[PDB]
Amino acid sequence: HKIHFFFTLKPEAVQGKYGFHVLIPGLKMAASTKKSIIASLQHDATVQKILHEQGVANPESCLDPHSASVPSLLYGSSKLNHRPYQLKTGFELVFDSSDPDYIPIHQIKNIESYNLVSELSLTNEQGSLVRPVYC
Amino acid sequence: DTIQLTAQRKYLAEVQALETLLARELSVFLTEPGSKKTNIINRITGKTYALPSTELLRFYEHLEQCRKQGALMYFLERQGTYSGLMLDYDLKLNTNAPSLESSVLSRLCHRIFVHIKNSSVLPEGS
């Protein structure tokens, strides 16, 4: 199967408060499964120590648990007097459950020539690049 | 074959520079056959040399200059106990006609690294 990752980044940190988003439209799982995933990531020491040198005061409390429930804003949209997040880059991963030997993490080429709103939609199923991986 | 050697030798400036360097500067580094100082083998002239690094760089630069024009050469090298790793795979095609896709090469490269890890001791670190 093919699993795509996208990294949308805030245009600028305001009052020393930065944020970035990870969009995985390919995966399709229940709400409780997403809650389980995000609960397991909350106490992950790897990401936290990665962010320790990133000027992150509390890397532990950075992941909002409500992400699996609160409705998400479409790409390009934003909040009142807020600037939309900008897609810094998009990664693509190939996973073979038959025999995992190494995940080939590479970068998606020509991401700009694509209907980014259509591709990055969580409920979309007709994405030219994003494909439905039914879990 | 010697007519080809004459053609490239006389009718290509890069090969002229290469042979002039070999004959004039690098001859003082010649080695008698079987000597452990031998690092380069010229399978045409049958001569072995002992070049230090400082002229090794210029030799490699000249050799690459010849290669960029497609110049014909058979310059070999003698590898000792401690050197890089080399692999040869003389495949036997059942048919007279392979693709060798890049992803396939990635798979084989990863498998090679796995075998290296299992069958050797690698330095610690990044």
# chains A, B, ... in the order shown; residues from 1 in each chain; ligands from 1
>>> interface_residues(of="chain B", to="chain A", cutoff="9 Å", atoms="only C-alpha atoms", output="PDB file with N, CA and C atoms, in the first residue's frame")
ATOM      1  N   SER B 106      17.072  -0.338  -5.006  1.00  0.00           N
ATOM      2  CA  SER B 106      16.941   0.020  -3.597  1.00  0.00           C
ATOM      3  C   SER B 106      16.752  -1.218  -2.730  1.00  0.00           C
ATOM      4  N   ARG B 107      15.922  -2.156  -3.190  1.00  0.00           N
ATOM      5  CA  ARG B 107      15.722  -3.402  -2.452  1.00  0.00           C
ATOM      6  C   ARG B 107      17.027  -4.171  -2.296  1.00  0.00           C
ATOM      7  N   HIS B 110      19.398  -2.370   0.143  1.00  0.00           N
ATOM      8  CA  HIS B 110      19.019  -2.600   1.532  1.00  0.00           C
ATOM      9  C   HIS B 110      19.377  -4.011   1.975  1.00  0.00           C
ATOM     10  N   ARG B 111      19.154  -5.002   1.108  1.00  0.00           N
ATOM     11  CA  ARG B 111      19.510  -6.372   1.455  1.00  0.00           C
ATOM     12  C   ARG B 111      21.012  -6.508   1.674  1.00  0.00           C
TER      13      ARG B 111
END
>>> closest_atom_pairs(of="range 9-32 of chain B", to="range 41-59 of chain B", cutoff="8 Å", atoms="only C-alpha atoms", output="JSON lines")
{"residue": "B:18", "atom": "CA", "partner": "B:59", "partner_atom": "CA", "distance": 8.0}
{"residue": "B:26", "atom": "CA", "partner": "B:51", "partner_atom": "CA", "distance": 7.6}
{"residue": "B:27", "atom": "CA", "partner": "B:49", "partner_atom": "CA", "distance": 7.8}
{"residue": "B:29", "atom": "CA", "partner": "B:50", "partner_atom": "CA", "distance": 5.1}
{"residue": "B:30", "atom": "CA", "partner": "B:49", "partner_atom": "CA", "distance": 4.3}
{"residue": "B:31", "atom": "CA", "partner": "B:49", "partner_atom": "CA", "distance": 5.0}
{"residue": "B:32", "atom": "CA", "partner": "B:48", "partner_atom": "CA", "distance": 7.0}
>>> write_last_selection(atoms="N, CA, C and O atoms", output="mmCIF file, in the first residue's frame")
data_model
loop_
_atom_site.group_PDB
_atom_site.id
_atom_site.type_symbol
_atom_site.label_atom_id
_atom_site.label_comp_id
_atom_site.auth_asym_id
_atom_site.auth_seq_id
_atom_site.Cartn_x
_atom_site.Cartn_y
_atom_site.Cartn_z
ATOM 1 N N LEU B 18 47.425 12.845 -20.892
ATOM 2 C CA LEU B 18 47.541 11.704 -19.993
ATOM 3 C C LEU B 18 48.867 10.983 -20.191
ATOM 4 O O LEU B 18 49.605 10.734 -19.227
ATOM 5 N N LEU B 26 55.287 10.632 -13.980
ATOM 6 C CA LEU B 26 54.919 9.459 -13.200
ATOM 7 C C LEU B 26 55.838 8.270 -13.439
ATOM 8 O O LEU B 26 55.660 7.229 -12.798
ATOM 9 N N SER B 27 56.814 8.395 -14.340
ATOM 10 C CA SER B 27 57.734 7.288 -14.579
ATOM 11 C C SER B 27 58.648 7.049 -13.384
ATOM 12 O O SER B 27 59.075 5.913 -13.151
ATOM 13 N N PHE B 29 57.858 6.878 -10.466
ATOM 14 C CA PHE B 29 57.119 6.080 -9.501
ATOM 15 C C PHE B 29 56.936 4.638 -9.953
ATOM 16 O O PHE B 29 56.134 3.908 -9.358
ATOM 17 N N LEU B 30 57.649 4.217 -10.992
ATOM 18 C CA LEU B 30 57.478 2.871 -11.521
ATOM 19 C C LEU B 30 57.934 1.835 -10.505
ATOM 20 O O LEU B 30 58.825 2.089 -9.690
ATOM 21 N N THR B 31 57.309 0.661 -10.550
ATOM 22 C CA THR B 31 57.608 -0.416 -9.619
ATOM 23 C C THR B 31 57.857 -1.708 -10.378
ATOM 24 O O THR B 31 57.165 -2.011 -11.354
ATOM 25 N N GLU B 32 58.845 -2.464 -9.917
ATOM 26 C CA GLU B 32 59.113 -3.770 -10.488
ATOM 27 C C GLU B 32 57.957 -4.720 -10.176
ATOM 28 O O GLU B 32 57.291 -4.581 -9.148
#
>>> residues_around(residues="range 13-17 of chain A", least_positions_apart="3", cutoff="12 Å", atoms="only C-alpha atoms", output="ChimeraX atom specification")
/A:9-10,20,55-58,62,82-83,85
>>> write_last_selection(atoms="N, CA, C and O atoms", output="short mmCIF file (atom, residue, chain, number, x, y, z; two decimals), in the first residue's frame")
data_model
loop_
_atom_site.label_atom_id
_atom_site.label_comp_id
_atom_site.auth_asym_id
_atom_site.auth_seq_id
_atom_site.Cartn_x
_atom_site.Cartn_y
_atom_site.Cartn_z
N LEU A 9 2.72 24.08 7.65
CA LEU A 9 3.38 24.84 8.70
C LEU A 9 2.81 26.24 8.79
O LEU A 9 2.42 26.85 7.79
N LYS A 10 2.74 26.75 10.02
CA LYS A 10 2.24 28.09 10.26
C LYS A 10 3.17 29.11 9.60
O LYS A 10 4.40 28.95 9.64
N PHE A 20 2.29 23.26 13.62
CA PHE A 20 2.30 22.65 12.30
C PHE A 20 1.40 21.42 12.35
O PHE A 20 1.12 20.87 13.41
N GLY A 55 13.67 24.32 20.34
CA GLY A 55 13.10 25.45 21.07
C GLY A 55 11.69 25.21 21.54
O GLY A 55 10.90 26.16 21.64
N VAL A 56 11.35 23.97 21.85
CA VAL A 56 10.01 23.59 22.30
C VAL A 56 10.07 23.43 23.81
O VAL A 56 10.78 22.55 24.32
N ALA A 57 9.34 24.28 24.52
CA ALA A 57 9.41 24.28 25.98
C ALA A 57 8.91 22.96 26.56
O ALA A 57 9.59 22.32 27.36
N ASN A 58 7.72 22.53 26.15
CA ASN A 58 7.10 21.30 26.63
C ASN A 58 6.69 20.46 25.43
O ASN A 58 5.52 20.47 25.02
N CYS A 62 2.09 19.07 23.37
CA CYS A 62 2.02 19.81 22.12
C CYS A 62 0.93 19.24 21.22
O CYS A 62 0.39 19.93 20.36
N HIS A 82 -6.80 34.99 11.07
CA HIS A 82 -5.70 34.03 11.11
C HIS A 82 -5.30 33.67 9.69
O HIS A 82 -6.14 33.59 8.79
N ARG A 83 -4.01 33.44 9.50
CA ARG A 83 -3.47 33.12 8.18
C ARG A 83 -3.52 31.62 7.97
O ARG A 83 -3.23 30.86 8.91
N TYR A 85 -2.57 27.79 7.07
CA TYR A 85 -1.33 27.02 7.11
C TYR A 85 -0.83 26.76 5.69
O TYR A 85 -1.60 26.58 4.76
#
>>> residues_around(residues="residue 68 in chain B", least_positions_apart="5", cutoff="12 Å", atoms="only C-alpha atoms", output="PDB file with N, CA and C atoms, in the first residue's frame")
ATOM      1  N   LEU B  12      43.511  13.018 -29.981  1.00  0.00           N
ATOM      2  CA  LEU B  12      42.708  13.454 -28.843  1.00  0.00           C
ATOM      3  C   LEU B  12      43.640  14.087 -27.825  1.00  0.00           C
ATOM      4  N   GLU B  14      43.264  15.010 -24.773  1.00  0.00           N
ATOM      5  CA  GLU B  14      43.220  14.485 -23.412  1.00  0.00           C
ATOM      6  C   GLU B  14      44.146  13.289 -23.251  1.00  0.00           C
ATOM      7  N   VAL B  15      44.126  12.367 -24.214  1.00  0.00           N
ATOM      8  CA  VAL B  15      44.997  11.202 -24.134  1.00  0.00           C
ATOM      9  C   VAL B  15      46.454  11.620 -24.272  1.00  0.00           C
ATOM     10  N   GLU B  61      42.097  13.043 -12.008  1.00  0.00           N
ATOM     11  CA  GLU B  61      41.490  14.117 -12.785  1.00  0.00           C
ATOM     12  C   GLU B  61      41.751  13.922 -14.273  1.00  0.00           C
ATOM     13  N   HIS B  62      42.994  13.606 -14.640  1.00  0.00           N
ATOM     14  CA  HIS B  62      43.311  13.387 -16.047  1.00  0.00           C
ATOM     15  C   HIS B  62      42.543  12.196 -16.604  1.00  0.00           C
ATOM     16  N   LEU B  63      42.495  11.111 -15.823  1.00  0.00           N
ATOM     17  CA  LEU B  63      41.806   9.860 -16.234  1.00  0.00           C
ATOM     18  C   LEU B  63      40.326  10.157 -16.470  1.00  0.00           C
ATOM     19  N   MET B  73      40.515   3.047 -22.480  1.00  0.00           N
ATOM     20  CA  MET B  73      41.584   2.766 -21.484  1.00  0.00           C
ATOM     21  C   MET B  73      41.296   1.422 -20.806  1.00  0.00           C
TER      22      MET B  73
END
>>> closest_residue(among="A:131, A:66, A:106, A:88", to="residue 35 in chain A", atoms="only C-alpha atoms")
A:66
>>> select_by_dssp(residues="chain A", states="alpha helix (DSSP H)", output="JSON, numbers by chain")
{"A": [31, 32, 33, 34, 35, 36, 37, 38, 39, 40, 41, 42, 45, 46, 47, 48, 49, 50, 51, 52, 116, 117, 118, 119]}
>>> write_last_selection(atoms="N, CA, C and O atoms", output="short mmCIF file (atom, residue, chain, number, x, y, z; two decimals), in the first residue's frame")
data_model
loop_
_atom_site.label_atom_id
_atom_site.label_comp_id
_atom_site.auth_asym_id
_atom_site.auth_seq_id
_atom_site.Cartn_x
_atom_site.Cartn_y
_atom_site.Cartn_z
N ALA A 31 -12.98 6.26 15.02
CA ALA A 31 -12.60 7.35 15.92
C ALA A 31 -11.81 6.83 17.11
O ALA A 31 -10.81 7.45 17.52
N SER A 32 -12.23 5.70 17.68
CA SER A 32 -11.52 5.14 18.82
C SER A 32 -10.11 4.72 18.45
O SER A 32 -9.18 4.84 19.26
N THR A 33 -9.90 4.23 17.23
CA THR A 33 -8.57 3.83 16.75
C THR A 33 -7.68 5.05 16.65
O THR A 33 -6.53 5.02 17.10
N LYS A 34 -8.21 6.18 16.17
CA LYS A 34 -7.44 7.42 16.13
C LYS A 34 -7.12 7.91 17.53
O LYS A 34 -6.02 8.42 17.78
N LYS A 35 -8.08 7.78 18.45
CA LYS A 35 -7.82 8.17 19.83
C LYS A 35 -6.71 7.32 20.44
O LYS A 35 -5.84 7.85 21.14
N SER A 36 -6.67 6.03 20.14
CA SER A 36 -5.61 5.10 20.57
C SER A 36 -4.25 5.50 20.00
O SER A 36 -3.27 5.64 20.74
N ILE A 37 -4.19 5.78 18.70
CA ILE A 37 -2.97 6.25 18.05
C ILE A 37 -2.48 7.52 18.74
O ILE A 37 -1.35 7.57 19.23
N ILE A 38 -3.33 8.54 18.90
CA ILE A 38 -2.88 9.83 19.42
C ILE A 38 -2.50 9.70 20.89
O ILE A 38 -1.59 10.40 21.37
N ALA A 39 -3.17 8.82 21.63
CA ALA A 39 -2.78 8.55 23.00
C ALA A 39 -1.39 7.94 23.07
O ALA A 39 -0.60 8.26 23.96
N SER A 40 -1.06 7.04 22.14
CA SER A 40 0.26 6.41 22.12
C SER A 40 1.36 7.41 21.73
O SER A 40 2.44 7.40 22.33
N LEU A 41 1.08 8.35 20.82
CA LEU A 41 2.02 9.40 20.45
C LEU A 41 2.24 10.45 21.56
O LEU A 41 3.31 11.04 21.60
N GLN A 42 1.27 10.68 22.45
CA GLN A 42 1.40 11.72 23.47
C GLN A 42 2.60 11.50 24.38
O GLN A 42 3.27 12.48 24.73
N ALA A 45 8.75 9.44 23.70
CA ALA A 45 9.93 10.21 24.06
C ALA A 45 10.74 10.62 22.84
O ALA A 45 11.48 11.61 22.89
N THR A 46 10.62 9.88 21.74
CA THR A 46 11.43 10.16 20.56
C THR A 46 11.11 11.53 19.98
O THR A 46 12.00 12.36 19.77
N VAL A 47 9.83 11.80 19.73
CA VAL A 47 9.43 13.08 19.16
C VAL A 47 9.76 14.21 20.13
O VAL A 47 10.20 15.29 19.72
N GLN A 48 9.57 13.96 21.43
CA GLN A 48 9.85 15.00 22.41
C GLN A 48 11.32 15.37 22.43
O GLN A 48 11.67 16.56 22.44
N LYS A 49 12.22 14.38 22.42
CA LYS A 49 13.64 14.73 22.44
C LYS A 49 14.08 15.31 21.10
O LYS A 49 15.03 16.08 21.04
N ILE A 50 13.39 14.94 20.01
CA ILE A 50 13.64 15.61 18.74
C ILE A 50 13.30 17.09 18.86
O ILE A 50 14.02 17.95 18.35
N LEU A 51 12.21 17.40 19.55
CA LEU A 51 11.79 18.79 19.71
C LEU A 51 12.51 19.51 20.84
O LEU A 51 12.33 20.73 20.98
N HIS A 52 13.30 18.82 21.66
CA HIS A 52 14.00 19.49 22.76
C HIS A 52 14.95 20.55 22.25
O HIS A 52 15.01 21.66 22.79
N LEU A 116 -4.48 20.60 -4.56
CA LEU A 116 -4.11 20.31 -3.18
C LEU A 116 -5.33 20.23 -2.27
O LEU A 116 -5.37 19.41 -1.35
N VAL A 117 -6.34 21.06 -2.51
CA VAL A 117 -7.56 20.99 -1.71
C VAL A 117 -8.24 19.64 -1.90
O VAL A 117 -8.69 19.02 -0.93
N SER A 118 -8.32 19.17 -3.14
CA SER A 118 -8.94 17.88 -3.40
C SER A 118 -8.10 16.74 -2.83
O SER A 118 -8.64 15.78 -2.27
N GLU A 119 -6.78 16.83 -2.97
CA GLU A 119 -5.92 15.73 -2.52
C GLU A 119 -5.91 15.61 -1.01
O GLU A 119 -5.99 14.51 -0.47
#
>>> atom_distance(atom1="CA of residue 34 in chain B", atom2="CA of residue 72 in chain B")
25.8 Å
>>> atom_distance(atom1="CA of residue 68 in chain A", atom2="CA of residue 122 in chain A")
11.3 Å
>>> residues_around(residues="range 81-97 of chain B", least_positions_apart="6", cutoff="12 Å", atoms="only C-alpha atoms", output="mmCIF file with N, CA and C atoms, in the first residue's frame")
data_model
loop_
_atom_site.group_PDB
_atom_site.id
_atom_site.type_symbol
_atom_site.label_atom_id
_atom_site.label_comp_id
_atom_site.auth_asym_id
_atom_site.auth_seq_id
_atom_site.Cartn_x
_atom_site.Cartn_y
_atom_site.Cartn_z
ATOM 1 N N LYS B 36 54.944 -4.708 -3.466
ATOM 2 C CA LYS B 36 53.768 -4.320 -2.698
ATOM 3 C C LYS B 36 53.444 -2.840 -2.840
ATOM 4 N N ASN B 39 50.081 0.054 -6.932
ATOM 5 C CA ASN B 39 48.697 0.531 -6.683
ATOM 6 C C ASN B 39 47.946 0.670 -8.012
ATOM 7 N N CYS B 109 20.087 -2.985 -2.533
ATOM 8 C CA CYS B 109 21.003 -2.225 -1.690
ATOM 9 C C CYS B 109 20.684 -2.415 -0.213
ATOM 10 N N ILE B 112 21.809 -5.861 0.821
ATOM 11 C CA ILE B 112 23.257 -5.868 0.991
ATOM 12 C C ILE B 112 23.638 -5.259 2.328
ATOM 13 N N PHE B 113 23.009 -4.142 2.696
ATOM 14 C CA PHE B 113 23.352 -3.529 3.974
ATOM 15 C C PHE B 113 22.961 -4.428 5.139
ATOM 16 N N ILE B 116 25.599 -7.015 5.387
ATOM 17 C CA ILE B 116 26.809 -6.417 5.945
ATOM 18 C C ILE B 116 26.691 -6.297 7.455
#
>>> decode(residues="range 43-65 of chain A", atoms="N, CA and C atoms", output="PDB file, in the first residue's frame")
ATOM      1  N   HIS A  43       2.891  10.257  24.743  1.00  0.00           N
ATOM      2  CA  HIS A  43       3.975   9.948  25.668  1.00  0.00           C
ATOM      3  C   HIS A  43       5.210   9.411  24.955  1.00  0.00           C
ATOM      4  N   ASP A  44       5.320   9.627  23.647  1.00  0.00           N
ATOM      5  CA  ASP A  44       6.476   9.157  22.894  1.00  0.00           C
ATOM      6  C   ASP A  44       7.678  10.043  23.188  1.00  0.00           C
ATOM      7  N   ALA A  45       8.751   9.436  23.695  1.00  0.00           N
ATOM      8  CA  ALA A  45       9.934  10.206  24.063  1.00  0.00           C
ATOM      9  C   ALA A  45      10.738  10.623  22.838  1.00  0.00           C
ATOM     10  N   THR A  46      10.616   9.877  21.735  1.00  0.00           N
ATOM     11  CA  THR A  46      11.431  10.164  20.557  1.00  0.00           C
ATOM     12  C   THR A  46      11.108  11.535  19.980  1.00  0.00           C
ATOM     13  N   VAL A  47       9.826  11.795  19.727  1.00  0.00           N
ATOM     14  CA  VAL A  47       9.427  13.078  19.161  1.00  0.00           C
ATOM     15  C   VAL A  47       9.761  14.206  20.128  1.00  0.00           C
ATOM     16  N   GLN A  48       9.566  13.963  21.426  1.00  0.00           N
ATOM     17  CA  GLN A  48       9.847  14.998  22.414  1.00  0.00           C
ATOM     18  C   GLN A  48      11.324  15.370  22.433  1.00  0.00           C
ATOM     19  N   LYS A  49      12.221  14.380  22.419  1.00  0.00           N
ATOM     20  CA  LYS A  49      13.639  14.726  22.437  1.00  0.00           C
ATOM     21  C   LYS A  49      14.076  15.305  21.100  1.00  0.00           C
ATOM     22  N   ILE A  50      13.394  14.939  20.014  1.00  0.00           N
ATOM     23  CA  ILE A  50      13.642  15.610  18.742  1.00  0.00           C
ATOM     24  C   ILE A  50      13.305  17.090  18.862  1.00  0.00           C
ATOM     25  N   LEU A  51      12.209  17.402  19.553  1.00  0.00           N
ATOM     26  CA  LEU A  51      11.789  18.789  19.714  1.00  0.00           C
ATOM     27  C   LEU A  51      12.509  19.515  20.845  1.00  0.00           C
ATOM     28  N   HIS A  52      13.302  18.816  21.663  1.00  0.00           N
ATOM     29  CA  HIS A  52      13.997  19.485  22.761  1.00  0.00           C
ATOM     30  C   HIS A  52      14.953  20.554  22.247  1.00  0.00           C
ATOM     31  N   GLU A  53      15.711  20.247  21.198  1.00  0.00           N
ATOM     32  CA  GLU A  53      16.590  21.241  20.597  1.00  0.00           C
ATOM     33  C   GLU A  53      15.858  22.154  19.625  1.00  0.00           C
ATOM     34  N   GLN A  54      14.568  21.922  19.400  1.00  0.00           N
ATOM     35  CA  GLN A  54      13.774  22.734  18.484  1.00  0.00           C
ATOM     36  C   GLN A  54      13.163  23.952  19.164  1.00  0.00           C
ATOM     37  N   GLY A  55      13.667  24.316  20.338  1.00  0.00           N
ATOM     38  CA  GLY A  55      13.104  25.445  21.068  1.00  0.00           C
ATOM     39  C   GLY A  55      11.688  25.213  21.540  1.00  0.00           C
ATOM     40  N   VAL A  56      11.349  23.965  21.851  1.00  0.00           N
ATOM     41  CA  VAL A  56      10.013  23.591  22.297  1.00  0.00           C
ATOM     42  C   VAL A  56      10.073  23.433  23.808  1.00  0.00           C
ATOM     43  N   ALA A  57       9.337  24.283  24.524  1.00  0.00           N
ATOM     44  CA  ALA A  57       9.409  24.283  25.981  1.00  0.00           C
ATOM     45  C   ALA A  57       8.909  22.964  26.557  1.00  0.00           C
ATOM     46  N   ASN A  58       7.715  22.533  26.145  1.00  0.00           N
ATOM     47  CA  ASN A  58       7.098  21.302  26.632  1.00  0.00           C
ATOM     48  C   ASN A  58       6.691  20.459  25.431  1.00  0.00           C
ATOM     49  N   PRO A  59       7.629  19.715  24.845  1.00  0.00           N
ATOM     50  CA  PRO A  59       7.280  18.859  23.698  1.00  0.00           C
ATOM     51  C   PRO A  59       6.220  17.821  24.017  1.00  0.00           C
ATOM     52  N   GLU A  60       6.100  17.427  25.284  1.00  0.00           N
ATOM     53  CA  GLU A  60       5.078  16.477  25.706  1.00  0.00           C
ATOM     54  C   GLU A  60       3.690  17.023  25.399  1.00  0.00           C
ATOM     55  N   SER A  61       3.357  18.169  25.986  1.00  0.00           N
ATOM     56  CA  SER A  61       2.056  18.800  25.775  1.00  0.00           C
ATOM     57  C   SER A  61       2.144  19.696  24.547  1.00  0.00           C
ATOM     58  N   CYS A  62       2.089  19.074  23.369  1.00  0.00           N
ATOM     59  CA  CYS A  62       2.016  19.815  22.116  1.00  0.00           C
ATOM     60  C   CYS A  62       0.932  19.236  21.217  1.00  0.00           C
ATOM     61  N   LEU A  63       0.616  17.960  21.416  1.00  0.00           N
ATOM     62  CA  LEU A  63      -0.346  17.246  20.580  1.00  0.00           C
ATOM     63  C   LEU A  63      -1.727  17.343  21.215  1.00  0.00           C
ATOM     64  N   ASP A  64      -2.651  17.996  20.522  1.00  0.00           N
ATOM     65  CA  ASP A  64      -4.004  18.162  21.032  1.00  0.00           C
ATOM     66  C   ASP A  64      -4.779  16.861  20.859  1.00  0.00           C
ATOM     67  N   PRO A  65      -5.263  16.246  21.942  1.00  0.00           N
ATOM     68  CA  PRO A  65      -5.988  14.972  21.789  1.00  0.00           C
ATOM     69  C   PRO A  65      -7.270  15.096  20.986  1.00  0.00           C
TER      70      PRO A  65
END
